[PDB]
Structure formats: structure tokens, C-alpha cells
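Here is the structure we will look at.
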Amino acid sequence: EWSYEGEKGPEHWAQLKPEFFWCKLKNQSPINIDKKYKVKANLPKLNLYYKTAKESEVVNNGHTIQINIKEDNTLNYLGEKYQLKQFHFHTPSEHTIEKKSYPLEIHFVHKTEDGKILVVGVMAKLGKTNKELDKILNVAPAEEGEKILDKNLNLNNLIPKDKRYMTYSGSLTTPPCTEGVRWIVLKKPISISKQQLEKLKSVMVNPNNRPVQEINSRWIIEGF
Amino acid sequence: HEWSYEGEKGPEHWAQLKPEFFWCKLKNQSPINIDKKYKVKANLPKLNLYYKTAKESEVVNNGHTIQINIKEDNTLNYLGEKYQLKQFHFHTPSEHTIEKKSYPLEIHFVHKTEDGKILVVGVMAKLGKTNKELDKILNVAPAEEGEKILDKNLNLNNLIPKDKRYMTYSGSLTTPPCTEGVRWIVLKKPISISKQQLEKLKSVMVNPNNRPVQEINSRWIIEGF
Ligand SMILES: CC(=O)Nc1nnc(S(N)(=O)=O)s1
Ligand SMILES: CC(=O)Nc1nnc(S(N)(=O)=O)s1
Ligand SMILES: [Zn+2]
Ligand SMILES: [Zn+2]
């Protein structure tokens, strides 16, 4: 077990279990997207276009609020077939952009049959209410537990229509912090209402963002 | 030796030889195959690479390669960091491959900042015109593990192409401990060495001494305009 505070906090993760050794390495996430270590180049188109999510499972695992997806969605990227497994929340955001923090960051976790992991991160700023998020928050357990959502979700409405993104090689932001993770962070944020942010914080442990990590020898590539 | 390119201490076993070699089995290892599929072209920092004449440099045969330790203090300024050249050595055949293509020789110029940041510049060599600088090195390079101090000066710049355009990615040392967080810079244009020079090098240096290419995993390679 680990947490975001105390002796089980981020600074002590690598010491909690032998399998968490990754947490202290050189290609960790999240990071601050710094212009100094960023280049601009044409990157592969990001084609998500998820299927409607029916009877998805909303889980409170003591670390975040996660939504497990039942349908088989395929994200074709660099010839690999990534399957969306779930998406979850972090408040405040884990990545920062030019030191700017967002009240919410959404992670859509995908994995290929052979284990390759690709996470799509979406920032959210306070603004207009997001219709999909209310469906999730209305049934999200305030304590560790799981609940099946009776309403369908249009996952595409939790992602900006404009798919321009930045990418870099990183890791999982929670123990074991495994590296070799392909990170894709959307440039444009979506919006959520103050009310939704308050509601999320009333049911999810927070703050639950890992401190930004050292960039080391990595370059961030921002697409067009 | 603590590790080798063959046998029980070979590449696939490095990580299991010592706790300090755990890096060798991770996700951001070098060398790699430079494949267009995982590469983009962009505006990268200009590579200002020029070395001082190397005088009385030490040529060492450490059983893993032929390494030249220079006495001078050369600084490579990159991204606000000041990297000092520590030494350069050889690999045959090449460690990195370009679009599946292998070169007879790859030269590594290893630099490190004061705070431990490692930057290795790799230069490929294709068979062709003989390289005079290489001859000075080969003429004194120990055939058996040992060391020999050069009396002649070396112009390291003649082992580097005039065209400084390069490709870069985040990787590791290609030999144990295989530490990651290494900044790799591979020149696009190769230099040339005569077939005879390659034969001479293989007569004194352990070969093949190239580590198998590693999985690219979630990395991108960037080539500068
Ligand atoms: C099984 C699984 O997906 N685990 C994750 N752990 N951290 C993740 S994150 N915050 O990097 O998206 S995903
Ligand atoms: C002390 C030192 O420089 N060690 C190195 N180990 N591998 C290197 S390489 N082949 O990646 O240039 S340099
Ligand atoms: Zn996450
Ligand atoms: Zn080397």
C-alpha cells in the first residue's frame, strides 16, 4: 500500500516495496511541460473515437475515482492496437504546462495485448458544466467501493474536439511507477463546473497528484 | 571481467550479474535501431562540437574496447549544460543501426557535466578513404589488455564529420551499469576508414563488441533540421 502523504508518500514509494524501484528512476511521470525541452513536429493523428460506454463500472479505490470500460475500443497508434481499459481522475493536475496547473487531469489508460501502455491525459479548467461528468459523480462511491452506472457515457465529450497533443516517454504516476509508458497530453483543456469539482473532491481523496519529476535527457514533442 | 559480450556474462545476463546492473533490463536502453517510423524532424539545439588538440593521450585496451582518455579539458555546451569530454572509444560493428543498416565502426565521445549528466556523441564510419587520425591510435593500441601513452598529437575533429546534423533520443550507457537518463546524439553523416584500418582494429580490440539493439518502447527519435 502507498498514499500521497505521510511515510507512504511519493518521496518514500521506492522504499515501500522492491517492485517500486522504478519510482526513483530517470524516465518518470508526471513532468512539467517546459518549452526548453520541447520541440514542435508533425505527429501521428490521434484517432480515439470511442464507442458509447454502457454499464461502465465506477470505482473508488482510495487513490482515485476510476471508470472501467466494458466495450472493446481500439486505438491504432504507430501500428499498435491499444485497448482502452479505464479512465480516472487527479485533482489537481499531475502534469503542469509551463508551470500552469489545472484543477483536474483525466487519464485514459490503454494497453496492447502484449503489455504496451499508452495514457492519454486531458486537462480540465473551471467553466461550463460537463454533461458526462455529472453521470459519473452521481453514482461515485464516497468511500472505497464500486458501482455500475445505469446511464451511457459518451467518452468523447470528456476529451477536447481538437486533438492537437504533446507526447513523451514516461511512466505510471503511481507505484510501481513502471516506465516505457507512452504519454499523450492534449493541448486543449475541456471544462468542468466549480460544482462538479467540489463534488469530485467530496468523494475522491485529494490532493492525489504526484509531484512533477526530473526531465533528465528527454524531449517533449508537440504536434501540429 | 565483471561482464562480457558472450557466455554467462553476456548481454542478456548483465542485469543478473550485480545489483548495480539492474538498469540493463529496463525500458530506455541503448543502442537502438534508428527507424523512420519512430523519428520526426524538428528544430534542435545547434551542435557546437570542436575539440582541442589531444596531446599525450592515453590509449587503453580494457578488454571491452579501445579507449582514448584525453588530458585536455574540452567543454560541450548543450541546453545550458556544460559537458566535459572524458574519453572516446570504439565499437565494431556499430551499436546503433540506421534503418536496419549496420556500419563497420561506431565511435563514442563520452561527455559528463559536473553534476552527472551524460551525453554521448556517436559517429559512424563507413569503409572508404583511410583516416589518418585512426592510424596514430591503431599504431600504438595494445593488442593485449594494457595502456600506451601517445607521443603524437591527435586531432579528434578529424574523426568527426564536417556536417554536424544529428539525431537524438533518451537512452543509456551501452555497457553495464547501463545507467539511463543518457542524452544520445548520433551524427547523420559518417566518416570513412579503410578496410585495412578496420582489420587492424579487429586485430587488437575485442570484437564484435556491440550490444544488441534494444526495444524502442515509448520513445521518439528527433532529427534536427
Ligand atoms: C493498471 C493501471 O492502469 N495502473 C495505473 N497506475 N497509474 C496509472 S496513471 N496515473 O499513470 O494513469 S495507470
Ligand atoms: C565510464 C563510462 O564512460 N562508461 C561507459 N559505459 N558505456 C559507455 S557507451 N558505450 O554507452 O559510450 S561510456
Ligand atoms: Zn492517473
Ligand atoms: Zn560505447
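In what follows, every chain begins at residue 1, and chains take the letters A, B, ... in the order their sequences are listed.
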* **Heavy-atom closest pair, residues B:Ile193 and B:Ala125** => CG2-CB, 3.9 Å

* Asked: To the nearest 0.5 Å, what is the distance between CD1 (A:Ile117) and CG (A:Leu172)?
  -> 5.0 Å

* Asked: Just wondering, more than 12 heavy atoms not from B:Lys71 lying within 6.0 Å of its NZ?
  -> yes

* Just checking, any donor-acceptor pair under 3.5 angstrom between side chains of B:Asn210 and B:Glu95? -> no

* Counting only heavy atoms not in B:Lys162, do more than 12 sit closer than 6.0 Å to its NZ atom? -> no

* Are any non-hydrogen side-chain atoms of A:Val205 and A:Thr64 less than 4.5 angstrom apart? -> no

* Asked: For B:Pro142, does its backbone N or O pair with a side-chain atom of B:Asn61 as donor and acceptor, under 3.5 Å?
  -> yes

* Asked: Does B:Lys202 come within less than 4.0 Å of B:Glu199, counting only side-chain N to carboxylate O?
  -> no

* State whether the number of non-hydrogen atoms from other residues, nucleotides or ligands found under 6.0 Å of B:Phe225 atom CZ is greater than 12. => yes

* Begin from the C-alpha positions of B:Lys195 and B:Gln197 and carry the test side-chain hydrogen bond (donor to acceptor under 3.5 Å, both in side chains) through to its verdict. => CA-CA 5 Å; B:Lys195 165 64 180 180; B:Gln197 291 187 301; over 6 Å; no

* To do: First locate atom OG1 of B:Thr168, then atom CD1 of B:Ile185, and finally report the distance between them rounded to the nearest 0.5 Å.
  => 5.0 Å

* Asked: With the threshold set at 4.0 Å, does a side-chain nitrogen-carboxylate oxygen contact exist between B:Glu81 and B:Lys117?
  -> yes

* Donor-acceptor pair between B:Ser170 and A:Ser217 side chains, under 3.5 angstrom -> yes

* **CG-NE2 distance between B:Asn62 and B:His89, expressed to the nearest 0.5 angstrom** => 9.0 Å

* Heavy-atom pair with the smallest gap, counting every atom of B:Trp184 and B:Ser172 -> NE1-O, 2.8 Å

* More than 12 heavy atoms of other residues, nucleotides or ligands under 6.0 Å from CG of A:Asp114: is that the case? -> yes

* Asked: Are any of the side-chain heavy atoms of B:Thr92 and B:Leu198 separated by less than 4.5 Å?
  -> yes

* Asked: Can B:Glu2 and B:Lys18 be counted as an ion pair, charged N to O under 4.0 angstrom?
  -> yes

* Asked: Does B:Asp163 reach the main-chain N or O of B:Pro161 with its side chain, forming a donor-acceptor pair under 3.5 Å?
  -> no

* Please indicate whether B:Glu72 has more than 12 foreign heavy atoms, meaning atoms of other residues, nucleotides or ligands, lying under 6.0 Å from its CD. => yes

* What heavy-atom pair brings A:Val181 and A:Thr178 nearest, and what distance separates the two atoms? -> CG2-O, 3.3 Å

* Is it the case that A:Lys163 places NZ or CZ above or below the six-membered ring of A:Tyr165, under 6.0 angstrom from the centre and within 45 degrees of the axis? -> no

* To do: Could you tell me whether B:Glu145 atom CD has more than 12 heavy atoms of other residues or ligands within 6.0 Å of it?
  => yes

* Decide yes or no for B:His111 and B:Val121: does some side-chain heavy atom of the first lie under 4.5 Å from some side-chain heavy atom of the second? => yes

Distance-only donor-acceptor pairs under 3.5 Å for side chains of residues 1-11 of chain A, two or more places apart:
unit_1, atom_1, unit_2, atom_2, d
A:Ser3, OG, A:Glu5, N, 3.3
A:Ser3, OG, A:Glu5, O, 2.6
A:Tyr4, OH, A:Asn208, O, 3.3

* Asked: Would you say B:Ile191 and B:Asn131 make side-chain contact, with heavy atoms under 4.5 Å?
  -> yes

* Shortest non-hydrogen separation from B:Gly63 to B:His1 and the atoms involved -> CA-NE2, 4.1 Å

* Main-chain N/O of A:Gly180 paired to B:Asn217 side chain as donor or acceptor, under 3.5 Å -> no

Donor-acceptor contacts, no H, no angles, side chain residues 33-44 of chain B, under 3.5 Å, sequence neighbours left out:
unit_1, atom_1, unit_2, atom_2, d
B:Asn33, OD1, B:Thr97, OG1, 2.6
B:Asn33, OD1, B:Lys100, N, 2.8
B:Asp35, OD1, B:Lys37, N, 3.3
B:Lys37, NZ, A:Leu78, O, 3.1
B:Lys39, NZ, B:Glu223, OE1, 3.1

* Would you check, one step at a time, whether the test ring-ring contact (aromatic ring centres under 6.0 Å, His included) holds for B:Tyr169 with B:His96? => CA-CA 12 Å; B:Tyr169 71 104; B:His96 291 86; 5.6 Å; yes

* Smallest separation among heavy atoms of B:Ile32 and B:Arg219, with atom names -> CG2-NH2, 3.5 Å

* To do: Look at the side chain of B:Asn69 and the backbone N and O of B:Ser57, then say whether any donor-acceptor pair between them is shorter than 3.5 Å.
  => no

* **Worked verdict on A:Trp22 versus B:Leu26 for side-chain contact (heavy atoms from CB on, under 4.5 Å)** => CA-CA 9 Å; A:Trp22 297 92; B:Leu26 304 188; 3.5 Å; yes

* **Polar side chain donor-acceptor pair, B:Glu133 to B:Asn158, under 3.5 angstrom** => yes

* **Heavy-atom donor-acceptor pair, B:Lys136 side chain to B:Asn153 backbone, under 3.5 Å** => yes

* Side-chain contact test, heavy atoms from C-beta onward, threshold under 4.5 Å: evaluate it for B:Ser192 versus B:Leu127 and give yes or no. => no

* For B:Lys86 and B:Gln84, test the side chains for any donor-to-acceptor distance below 3.5 angstrom and give the result as yes or no. => yes

* Asked: Would you call B:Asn155 and B:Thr53 a side-chain contact if the rule is heavy atoms closer than 4.5 Å?
  -> no

* B:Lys25 atom NZ, neighbour heavy-atom count above 12 within 6.0 Å -> yes

* Verdict with reasoning, B:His13 to B:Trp3, per ring-ring contact (aromatic ring centres under 6.0 Å, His included) -> CA-CA 9 Å; B:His13 312 300; B:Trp3 62 273; over 10 Å; no

* Hey, does the side chain of B:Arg165 reach the backbone of B:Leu187 with a donor-acceptor pair shorter than 3.5 angstrom? -> no

* Structure fact -> Output for pair (B:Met124 CE, B:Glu106 CD), nearest 0.5 Å, gives 4.0 Å

* Does NZ in B:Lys200 sit with more than 12 non-hydrogen atoms of other residues, nucleotides or ligands closer than 6.0 Å? -> yes

* To do: Compare all side-chain heavy atoms of A:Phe20 with those of A:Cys177 and state whether any distance is below 4.5 angstrom.
  => no

* Would you mind telling me which of B:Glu180, B:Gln214, B:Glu215 makes a side chain to side chain donor-acceptor pair (under 3.5 Å) with B:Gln29? => B:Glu180

* Structure fact -> For A:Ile67 and A:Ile65, the nearest pair of non-hydrogen atoms, with its separation, is CD1-O, 4.0 Å

* Do the rings of B:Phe109 and B:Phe88 sit parallel, tilted or perpendicular, given the 30° and 60° boundaries? -> parallel

* Interatomic distance, A:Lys81 atom NZ to A:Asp72 atom CG [nearest 0.5 angstrom] -> 9.5 Å

* To do: Decide side-chain contact (heavy atoms from CB on, under 4.5 Å) for B:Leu156 and B:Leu85; before the verdict, give the C-alpha distance in whole Å, the side-chain angles of both, and the deciding distance to 0.1 Å.
  => CA-CA 11 Å; B:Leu156 273 55; B:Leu85 173 66; 3.6 Å; yes

* CG/A:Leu158 to CG/A:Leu48 distance, rounded to the nearest 0.5 angstrom? -> 11.5 Å

* Asked: Would you say the side chain of A:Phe89 lies within less than 4.5 Å of the side chain of A:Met204, judging by non-hydrogen atoms?
  -> yes

